[PDB]
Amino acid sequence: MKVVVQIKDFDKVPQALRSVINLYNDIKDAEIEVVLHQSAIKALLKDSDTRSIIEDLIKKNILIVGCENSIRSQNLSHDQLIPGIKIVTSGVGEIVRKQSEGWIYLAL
């Protein structure tokens, strides 16, 4: 079950991440990709309060993706992001493309 998850609001990241954990626990063999854009990109910073949760999702083989446009608008450096994070040119472009590829969309 392929699911492309979107997270855009930084203030809702904690709840969004718990929801992703819920998804993982509920759908057997789920193939999950989480795309963070807009202000939510800040959650991928090395000193992020949700770093341990993000690292746990990575351990669970979940693909964590950050939006380049968002990284740039938030004045962040790739050097400052959690290691092992994939980046796409556009978070919204990725979300749309994955859906066209058959991935089920979930907005958090």
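Start at 1 with the first residue shown and count on from there.
- Mean C-alpha B-factor is higher over 76-84 than over the other stretch, the pair under comparison being 76-84 and 55-63.
- When the C-alpha B-factors of 45-53 and 32-40 are averaged, 45-53 comes out higher.
- Annotation for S19: C-alpha temperature factor in the lowest third relative to the rest of the modelled chain, per the entry.
- In the deposited entry, the Cα temperature factor of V5 sits in the bottom third of values across the chain's modelled residues.
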